[PDB]
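The data block below is upload12.pdb; it holds PDB, C-alpha atoms.
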MODEL        1
ATOM      1  CA  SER A   1      87.700 111.823 -28.731  1.00  0.00           C
ATOM      2  CA  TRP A   2      85.409 112.306 -25.704  1.00  0.00           C
ATOM      3  CA  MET A   3      87.251 115.531 -24.929  1.00  0.00           C
ATOM      4  CA  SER A   4      85.712 118.907 -24.128  1.00  0.00           C
ATOM      5  CA  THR A   5      87.330 122.140 -25.274  1.00  0.00           C
ATOM      6  CA  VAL A   6      89.017 124.988 -23.486  1.00  0.00           C
ATOM      7  CA  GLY A   7      89.494 128.458 -24.928  1.00  0.00           C
ATOM      8  CA  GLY A   8      87.523 129.029 -28.139  1.00  0.00           C
ATOM      9  CA  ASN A   9      83.826 129.801 -27.713  1.00  0.00           C
ATOM     10  CA  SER A  10      82.057 126.419 -27.853  1.00  0.00           C
ATOM     11  CA  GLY A  11      81.722 126.101 -24.102  1.00  0.00           C
ATOM     12  CA  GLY A  12      83.283 122.680 -23.918  1.00  0.00           C
ATOM     13  CA  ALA A  13      82.340 120.972 -27.167  1.00  0.00           C
ATOM     14  CA  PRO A  14      84.197 117.893 -28.508  1.00  0.00           C
ATOM     15  CA  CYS A  15      86.676 118.597 -31.317  1.00  0.00           C
ATOM     16  CA  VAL A  16      85.302 117.211 -34.595  1.00  0.00           C
ATOM     17  CA  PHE A  17      87.996 115.533 -36.669  1.00  0.00           C
ATOM     18  CA  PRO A  18      88.778 115.931 -39.374  1.00  0.00           C
ATOM     19  CA  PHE A  19      87.878 119.617 -39.200  1.00  0.00           C
ATOM     20  CA  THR A  20      88.617 121.848 -42.147  1.00  0.00           C
ATOM     21  CA  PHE A  21      89.989 125.275 -41.335  1.00  0.00           C
ATOM     22  CA  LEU A  22      90.589 127.924 -43.920  1.00  0.00           C
ATOM     23  CA  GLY A  23      90.805 125.272 -46.651  1.00  0.00           C
ATOM     24  CA  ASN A  24      92.768 122.500 -44.909  1.00  0.00           C
ATOM     25  CA  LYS A  25      91.540 119.307 -43.291  1.00  0.00           C
ATOM     26  CA  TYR A  26      92.781 119.035 -39.725  1.00  0.00           C
ATOM     27  CA  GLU A  27      92.998 115.566 -38.283  1.00  0.00           C
ATOM     28  CA  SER A  28      94.790 116.842 -35.233  1.00  0.00           C
ATOM     29  CA  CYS A  29      94.810 120.115 -33.322  1.00  0.00           C
ATOM     30  CA  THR A  30      96.063 123.240 -35.014  1.00  0.00           C
ATOM     31  CA  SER A  31      97.442 126.642 -34.211  1.00  0.00           C
ATOM     32  CA  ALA A  32      95.837 128.057 -37.344  1.00  0.00           C
ATOM     33  CA  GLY A  33      94.549 131.585 -37.116  1.00  0.00           C
ATOM     34  CA  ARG A  34      96.645 132.026 -33.988  1.00  0.00           C
ATOM     35  CA  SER A  35      99.932 133.905 -33.688  1.00  0.00           C
ATOM     36  CA  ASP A  36     100.468 133.201 -30.001  1.00  0.00           C
ATOM     37  CA  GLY A  37     101.076 129.565 -29.232  1.00  0.00           C
ATOM     38  CA  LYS A  38      97.872 128.035 -27.882  1.00  0.00           C
ATOM     39  CA  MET A  39      96.743 125.262 -30.211  1.00  0.00           C
ATOM     40  CA  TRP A  40      93.029 124.627 -30.723  1.00  0.00           C
ATOM     41  CA  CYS A  41      90.533 122.407 -32.564  1.00  0.00           C
ATOM     42  CA  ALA A  42      87.247 122.995 -34.369  1.00  0.00           C
ATOM     43  CA  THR A  43      84.087 121.706 -32.778  1.00  0.00           C
ATOM     44  CA  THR A  44      82.415 121.316 -36.156  1.00  0.00           C
ATOM     45  CA  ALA A  45      83.233 119.218 -39.236  1.00  0.00           C
ATOM     46  CA  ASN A  46      83.563 122.288 -41.401  1.00  0.00           C
ATOM     47  CA  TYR A  47      84.952 125.264 -39.530  1.00  0.00           C
ATOM     48  CA  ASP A  48      84.786 127.554 -42.583  1.00  0.00           C
ATOM     49  CA  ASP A  49      80.999 127.593 -42.162  1.00  0.00           C
ATOM     50  CA  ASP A  50      80.195 127.156 -38.446  1.00  0.00           C
ATOM     51  CA  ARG A  51      83.402 128.817 -37.212  1.00  0.00           C
ATOM     52  CA  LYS A  52      83.059 127.211 -33.804  1.00  0.00           C
ATOM     53  CA  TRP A  53      86.341 126.462 -32.114  1.00  0.00           C
ATOM     54  CA  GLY A  54      88.064 125.550 -28.892  1.00  0.00           C
ATOM     55  CA  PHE A  55      91.622 125.104 -27.645  1.00  0.00           C
ATOM     56  CA  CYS A  56      93.302 121.697 -27.811  1.00  0.00           C
ATOM     57  CA  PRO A  57      92.947 119.401 -24.731  1.00  0.00           C
ATOM     58  CA  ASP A  58      95.740 117.593 -22.902  1.00  0.00           C
ATOM     59  CA  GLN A  59      98.705 117.498 -25.268  1.00  0.00           C
ATOM     60  CA  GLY A  60     100.638 115.087 -23.067  1.00  0.00           C
TER      61      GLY A  60
ENDMDL
END

structure tokens encoding of this file:
Amino acid sequence: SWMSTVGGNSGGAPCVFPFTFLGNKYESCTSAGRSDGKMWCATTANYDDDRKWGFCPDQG
């Protein structure tokens, strides 16, 4: 990916795909756990454990 994160709380850590959130494997960004609109990505292989996340990069 070579992409740092925004949002979240990683501080600019690359999204690790596929990342599993709340039971599902995410190969792309997600809006899971969010009821706003900003999509994010986990910065760890298994989010359920590490729970380290960050918003999705350029979605262009």

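Taking all atoms listed in the file into account, residue 58 in chain A lies nearest to A:38 out of the set A:33, A:16, A:43, A:38.
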
Contact residues around range 2-7 of chain A with only C-alpha atoms at 9 Å, ignoring same-chain residues under 6 positions, as a ChimeraX atom specification: /A:13-15,38,40-41,43,53-58

Kindly export the residues of the current selection with C-alpha atoms, as a compact mmCIF listing (two decimals), in the coordinates of the input.
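Ended up saving to out03.txt:
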# COMPACT_ATOMS: atom_id res chain seq x y z
CA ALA A 13 82.34 120.97 -27.17
CA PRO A 14 84.20 117.89 -28.51
CA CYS A 15 86.68 118.60 -31.32
CA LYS A 38 97.87 128.04 -27.88
CA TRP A 40 93.03 124.63 -30.72
CA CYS A 41 90.53 122.41 -32.56
CA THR A 43 84.09 121.71 -32.78
CA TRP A 53 86.34 126.46 -32.11
CA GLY A 54 88.06 125.55 -28.89
CA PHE A 55 91.62 125.10 -27.64
CA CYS A 56 93.30 121.70 -27.81
CA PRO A 57 92.95 119.40 -24.73
CA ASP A 58 95.74 117.59 -22.90

With all atoms listed in the file as the counted atoms, please give the residues lying no more than 6 Å from residue 18 in chain A, apart from itself and same-chain residues fewer than 2 positions off, as an MDAnalysis selection string. chainID A and resid 25:27

Need the axis-aligned box for range 38-50 of chain A with 6 Å each side, so what are the centre and edges in Å to one decimal, as AutoDock Vina command-line options?
--center_x 89.0 --center_y 123.6 --center_z -35.2 --size_x 29.7 --size_y 20.8 --size_z 26.7

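Between residue 50 in chain A and the candidates A:1, A:30, A:24, A:9, the tightest atom-to-atom separation, counting only C-alpha atoms, involves A:9.
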
Which residues, named as in the file, does the PyMOL selection byres ((chain A and resi 22) around 8) pick out? Answer as a PDB file with C-alpha atoms, in the frame of the given file.
ATOM      1  CA  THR A  20      88.617 121.848 -42.147  1.00  0.00           C
ATOM      2  CA  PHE A  21      89.989 125.275 -41.335  1.00  0.00           C
ATOM      3  CA  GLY A  23      90.805 125.272 -46.651  1.00  0.00           C
ATOM      4  CA  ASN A  24      92.768 122.500 -44.909  1.00  0.00           C
ATOM      5  CA  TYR A  47      84.952 125.264 -39.530  1.00  0.00           C
ATOM      6  CA  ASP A  48      84.786 127.554 -42.583  1.00  0.00           C
TER       7      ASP A  48
END

Just how far from CA of residue 31 in chain A is CA of residue 8 in chain A, in Å to one decimal?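 Distance between the two atoms: 11.9 Å.
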
Pick from A:42, A:11, A:52, A:60 nearest to residue 28 in chain A, counting only C-alpha atoms: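 The answer is A:42, which sits nearest to residue 28 in chain A.
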